[PDB]
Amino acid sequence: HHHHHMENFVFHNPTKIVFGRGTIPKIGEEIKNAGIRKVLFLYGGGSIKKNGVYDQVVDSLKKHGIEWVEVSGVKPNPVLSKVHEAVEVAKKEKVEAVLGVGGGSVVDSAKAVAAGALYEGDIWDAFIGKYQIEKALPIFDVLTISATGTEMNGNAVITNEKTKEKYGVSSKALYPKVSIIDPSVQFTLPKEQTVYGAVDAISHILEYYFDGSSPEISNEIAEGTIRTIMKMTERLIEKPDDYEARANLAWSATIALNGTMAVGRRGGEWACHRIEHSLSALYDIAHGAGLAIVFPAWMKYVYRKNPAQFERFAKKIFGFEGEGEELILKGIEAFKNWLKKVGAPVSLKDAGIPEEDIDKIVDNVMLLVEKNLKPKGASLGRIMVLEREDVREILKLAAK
């Protein structure tokens, strides 16, 4: 048998990363050197003004002769109305690029605005298979929360509040030109956000790790990165201004979804993520919080379809020795327990979502499959494609 095949792949990631303390003043230099004179400066709720990130950025833009217009108020699960608002500004002000300053919600919004600025229609079309994004304005970002790896990929997730649809799109045109990551600006993050961001980065790795593939080099890199994220999370809970922890976690989040973990694999599973979108769409919970609930339940539901990799998970992430269903369940339980330790919800009840809502959540998941996945030939899950009834059982596993 041949369960460790390294799949054919194409790898291409042109994004420039500028990383470390004191790097944010380079943002104006990067934009100037990229030949850009006028940007839309997009941001969230003004944590960036409060922590001095805004003044570092503005001082750099002013120093390097960059003109800008601001749009603020991007929300943590970003919404389409705000993208619409910003697209109108970008078009009316003739901006040459979009500069997102904030967390994943801002950088995803920046991508969606960069695409929409070059599209005649409603950019929501791209999230429901009615428009393939081939071109976008250049995107620059100053990242202030490490979680999603959006700073170094072509993905964006937006919620249409009108329809309660939280959907993703992926395009080469949405890779940032330059992303600046100063991990020290993360010292002020709430503990819960730090942890949710770690859970997200781990989950991105696991979506690939569990896709049925098992190349040796990819397993090694995945495992090393998971172990690093876990260690750093624990440090950050105790000491939120531990720079090396922030820095290690930041880069691990970046590589989790920059193409690194995809190499040699089968494209990833993505069932947990797509299920979680419906929780965030319906309840506005943190992405990472939803994943802490769904992932362990999914793992318990599916492991017989990929047992050797669940055994390797137990051995390589947690150091257990053994074989079979016992070892598999030991590893899944340790994962659930670690999530609980660091304070993440591991049930719907932990998050205040009642059991009697399950069927409503399942309806939302199924709509996502029809409207977001089917148009691009995607399906829910890979090692096991999940039908309505499978989604219901997983949520019932995660209910209490």
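The numbering used is simple: start at 1 and walk along the sequence shown.
**Request:** For the higher mean C-alpha B factor in the entry, choose 371-379 or 59-67.
**Result:** If you average the C-alpha B-factors of 371-379 and of 59-67, the larger mean comes out for 371-379.
Problem set entry | Between the two ranges 174-182 and 317-325, the one averaging a larger CA B factor in the entry | Going by the record's values, the stretch with the higher mean is 317-325.
Determine, from the deposited record, the chain-internal third of the Cα B-factor for residue 219: lowest, middle or highest. Ranked within chain, residue 219 CA B lands in the lowest tercile.
Please rank the C-alpha B-factors of the chain's modelled residues and tell me whether residue 397 sits in the lowest, middle or highest third.
-> Top third by C-alpha B-factor.
* **Position of residue 342 among the chain's modelled residues by C-alpha B-factor, lowest, middle or highest third** => It belongs to the middle third of the chain when residues are ordered by C-alpha B-factor.
- Message: Per the entry's values, where does residue 302 land by CA temperature factor relative to the rest of its chain, in the lowest, middle or highest third?
- Response: For residue 302, whose C-alpha B-factor we compare with every modelled residue in the chain, the answer is the middle third.
Going by the CA temperature factor in the PDB record, which third of the chain does residue 391 belong to: lowest, middle or highest?
It belongs to the middle third of the chain when residues are ordered by C-alpha B-factor.
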